[PDB]
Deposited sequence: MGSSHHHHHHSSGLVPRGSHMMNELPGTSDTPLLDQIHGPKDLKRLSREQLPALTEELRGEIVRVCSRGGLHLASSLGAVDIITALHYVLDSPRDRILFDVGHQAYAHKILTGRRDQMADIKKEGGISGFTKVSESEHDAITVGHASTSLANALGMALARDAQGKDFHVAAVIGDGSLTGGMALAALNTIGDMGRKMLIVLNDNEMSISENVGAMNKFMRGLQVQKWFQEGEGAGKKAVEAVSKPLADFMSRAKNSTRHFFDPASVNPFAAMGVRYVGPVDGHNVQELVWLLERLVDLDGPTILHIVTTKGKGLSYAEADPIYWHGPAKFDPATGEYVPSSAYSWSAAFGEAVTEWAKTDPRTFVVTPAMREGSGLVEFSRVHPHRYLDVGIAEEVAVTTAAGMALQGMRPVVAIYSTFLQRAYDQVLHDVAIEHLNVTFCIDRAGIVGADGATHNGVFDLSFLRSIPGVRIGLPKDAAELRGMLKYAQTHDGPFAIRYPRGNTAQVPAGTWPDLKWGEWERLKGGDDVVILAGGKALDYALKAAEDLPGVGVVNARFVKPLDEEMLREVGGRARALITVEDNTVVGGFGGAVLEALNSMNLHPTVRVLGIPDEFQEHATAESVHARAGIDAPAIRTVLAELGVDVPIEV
């Protein structure tokens, strides 16, 4: 066996039987294990490699699950799961029925918080420490937060309260100068250069120290965890530590495809994502529109903006992991005559709900939202599934919402949004779509749907990913109409009145929760028109969806093509 030490470790108690001089050899076994686990692709390789040493030291010094160790985001905690009885389960991580890719309270007593969104560790740790003190208990509370997660407002404000309350707790700042891209912000710049950067926070500050010296970290943790008041242990790590290819390019190896550990060669994703279609469109648009300015909250790569940032460096802003700052900064730009575009994932847009409502919508400002990862994202599970934006955006006055069926319709909606007054949201899923020629800028009327298949018996209303399911479902069913419901706000009131009054039954399909989303909008509009057709609302149930493929989630949610055909048969359609 290549891992003699790890073979005897089934929990933190087994780990403590090792001597301190054996810990360096253990971290090497852990790194090799993490490399093999991630070699199949789609996992958080570089972040978990960087955190191996601090995780080993923390579990060697602390007594989990009696002590609580909290991970921010949780993507860097593969060594934590390997050391807490889940080594064998790492083979199926993020697979349906397997363990989560992040720490999850229901999965293990050793997982103190359920995470996926960034910057929640500090407020969670404060609550646990206050609860401990209120109950008269004495256990240790420790939080591991990266330099990227520290840019979030809810981490900075929580630290302000933590310094005020002065309770026993340890914060490990895992500083590798990386987020997904290189980290941004003034704090990141300041820390690159004997002063306590958190002196105004009233928090004890130790470091920076070598985040890969596992024996020194153990020695340090032993002399800090029992001190009075909160402490920040600032460690410096190399993202991807232990794999030369990952250290050289920590951006790609943050989430590599299937790769060969001996050569570093990986499967290039030669697909054309929706993200690349947006990036191509907005890079093209900004060439002729000097008012366009793109803001991302730390997702230049995921949103498809690498080429944009290179071609338009003076129209690009990365605010770090601060979705709230991204939206309100865009509002200020719109107030000064710009045409800002906020590129943001649906799940992360949840963080900026009040900024959309209060800072953008009240004055009806010219902010365009290009919303990636809309709908079920799949393997990242409940913390990342973007199945709520059709509900929470819809109830904001003046926020228009569109769902493009392809890249040409995306360009048409972006063009409309950038040339018309007020806020517009354009949401599209994880996945691929056909490339269109440069200069494709069709004119569309916002709010007008388009019928794609004839039929008056039963008519399916769907947009985006749900529309692909609907067209496939009605593929061989004459008389089943399909309408591209590419606008959720406003609805096509004229076509809905006509179709709702003439059809015996309607089906709405949405890659969104059924609660208050597109189906609810259709029912509200039909009621206002005093029309009462039979309607089957298909969508994600009012339940969080665990990690699986999006197709599996959609099959069990009842929105894929076979599920629609079953509903069609229930409505009396002659399905073969």
Segments lacking C-alpha coordinates (deposited sequence numbering, starting at 1) = 1-28, 222-264, 648-650
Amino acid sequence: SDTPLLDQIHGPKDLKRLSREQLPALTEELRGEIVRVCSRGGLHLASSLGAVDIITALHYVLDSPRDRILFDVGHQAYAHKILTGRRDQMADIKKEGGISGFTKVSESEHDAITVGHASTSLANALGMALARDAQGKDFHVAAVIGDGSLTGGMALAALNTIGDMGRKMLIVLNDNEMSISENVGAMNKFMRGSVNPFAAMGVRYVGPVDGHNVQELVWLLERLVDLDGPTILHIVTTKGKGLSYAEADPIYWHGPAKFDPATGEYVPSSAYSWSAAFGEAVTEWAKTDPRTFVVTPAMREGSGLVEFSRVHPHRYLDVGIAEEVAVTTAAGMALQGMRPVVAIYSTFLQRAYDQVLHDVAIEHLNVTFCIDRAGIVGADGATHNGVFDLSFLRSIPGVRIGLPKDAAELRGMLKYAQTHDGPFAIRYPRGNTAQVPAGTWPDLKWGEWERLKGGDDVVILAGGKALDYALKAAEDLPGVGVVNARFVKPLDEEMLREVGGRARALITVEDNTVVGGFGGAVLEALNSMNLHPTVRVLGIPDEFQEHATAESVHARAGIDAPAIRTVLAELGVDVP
From here on, numbers count along this sequence of modelled residues.
message = If you look at the other compared entries where the surrounding residues are built, does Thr419 lack coordinates in a third or more?
response = no
Coordinates lacking for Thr263, a third or more of other entries = yes
inquiry  = Comparing average C-alpha B factors as deposited, tell me which of 267-275 and 350-358 sits higher.
reply    = 267-275
key: 556-564 versus 16-24 - greater average Cα B-factor per the deposited record   = 16-24
ask   = When you compare the CA B-factors of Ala246, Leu390, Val144, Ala331 as listed in the entry, which one comes out on top?
value = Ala246
key: Candidate residues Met191, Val327, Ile401, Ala129, the one whose C-alpha B factor the record puts highest   = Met191
remark   = On the chain's distribution of Cα B-factors, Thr296 falls within the third called lowest
ask   = Compared with the other modelled residues in the chain, in which third is the CA B-factor of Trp253?
value = middle
note = Split the chain's modelled residues into thirds by Cα B-factor; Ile69 lands in the middle
Ranked against its chain, the third holding the CA B-factor of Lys453 = highest
key: Chain third (lowest, middle, highest) by recorded CA B-factor, residue given as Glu551   = middle
